[PDB]
Structure formats: C-alpha cells, structure tokens
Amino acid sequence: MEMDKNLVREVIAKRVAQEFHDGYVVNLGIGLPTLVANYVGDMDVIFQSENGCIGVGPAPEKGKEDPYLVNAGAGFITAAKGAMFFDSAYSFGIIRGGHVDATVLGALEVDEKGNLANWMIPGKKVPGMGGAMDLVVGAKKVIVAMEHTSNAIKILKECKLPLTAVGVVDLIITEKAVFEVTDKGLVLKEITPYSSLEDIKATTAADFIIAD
C-alpha cells in the first residue's frame, strides 16, 4: 500500500535539511525540494535561484506581491538581508563554478555510477533541462530527493532514461533509505522507520553495500 504523498514529501524534505550547515548556498528545484525550505529552521542557508537571485526570501504577504521578483518557478518571493540580483550568466557562474554548496533535485532514475535522469521522458514529457544539468554538474554536493518508487524501480544499476549528467549524484534520499554514491558504488547509510532492508532490497535494482 502506497504512503500518503504528503508524509513521504515531509520525511524526505526534513532529511535533506539535515545535510546543510550555516553558510551553505543551496539551490532547491521546483516540486519536492522546495519544501526543504520549511525545515531549514535556524540554519544560515542562502537560497539561490537560477533566474538571478542569491538570498531568496520567503513568499510575500498577499498584496505585497511583485511579478518583477519571482523565483525559478515564477512564484513571488522577497529578498533576504544581503541579497543580490544578477543576470543569468553571473547566475550560472555561481552554479557551474562550484559556489553552490548543495543542490537538491528530484529524479526519474538514478544509478550506481552516479548518473542521473530527470529532464525528459521520450515521447511523454519533454520540458527541457532548464538549469538542471548546470546545477548537478557544478554543485559541490548533489542531493537527489525523490520517491523511492514511482508506483516501478527508480534506483537502477544503469539509467535507461535520457541522461541529465554522468557521475554527479552524491546522495540519494528517499522515504525508505539514505544512499551514498561512492566509487565502490551505492552504500546504504540510513534506514527510516518506514522501511526495512528486506523492503529496500526488492525496491532497489542497484547492488549496494551496507555501513555500520
């Protein structure tokens, strides 16, 4: 039986927020990772939006909304203390140059070599990569936050969907598990009270090893 979607989003999001530290520059993608914004609590996280902001603020109170100030999903935002707006070449020197400390994205597939597929389903959904290749190529820590299954196995041995980048994914975070991607391959690092290694085994196609 499938879990309540809001509860899976909540456990994934809260676990991603544990990976940051005060001063991290963080880029969150549209969808699941935008909720990580609520559990960052009092960390000194600086949110960066690819359309040209460093120091994204929370949404504005209804009536103070600015269509000249949106985020990467075109939703109204404010500007935190110390923010800077910029053109998108500068935006993507931040992203491609290794100044984003952690980008959190979701994924259709992800494999044990670290490859990531998340921008296209051939013939069904073709939205374009947007800033996603640049983000995963350039970020220091690539965190994939996703539903462990979609209905269908997502953590494979080798991705079959059109790739987003090769060898980018550092962390995989599902409702079931925390995988770490290393040179050896996938390493199970955490299990959530919503699953057991017996369950992870038959919902994960990639071989993997276990820590202590």
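Throughout, we count residues from 1 along the sequence that is shown.
Which class describes the count of deposited residues lacking coordinates between residue 151 and residue 152: none, 1 to 3, 4 to 9, or 10 or more?
-> Gap size class: 1 to 3 residues without coordinates, per the record.
Going by the average Cα B-factor in the PDB entry, point out whether 84-92 or 115-123 comes out higher.
-> Going by the record's values, the stretch with the higher mean is 115-123.
Please work out which of 75-83 and 94-102 has the higher mean CA B-factor as recorded in the PDB entry.
-> Between 94-102 and 75-83, it is 75-83 that shows the higher mean C-alpha B-factor.
Check the PDB entry and point out which of 52, 60, 167, 162 has the largest C-alpha temperature factor.
-> Among 52, 60, 167, 162, the PDB entry lists the largest C-alpha B-factor for 60.
How does residue 34 rank on Cα B-factor within its chain, lowest, middle or highest third?
-> Its C-alpha B-factor, which the entry lists for residue 34, ranks in the highest third among residues of this chain.
State the tercile, meaning the lowest, middle or highest third, of residue 182 with respect to the CA B-factors recorded for its chain.
-> Answer is highest: the recorded C-alpha B-factor places it there.
Should residue 145 be placed in the lowest, middle or highest third of its chain by the C-alpha B factor in the entry?
-> Lowest third - that is where residue 145 ends up once the chain's C-alpha B-factors are sorted.
Entry-reported Cα temperature factor of residue 70, expressed as the chain third it lands in = Within its chain, residue 70 is a middle-third residue by C-alpha B-factor, going by the deposited values.
Third of the chain's Cα B-factor distribution that residue 40 belongs to, per the entry | Tercile = highest for this residue's CA B-factor.
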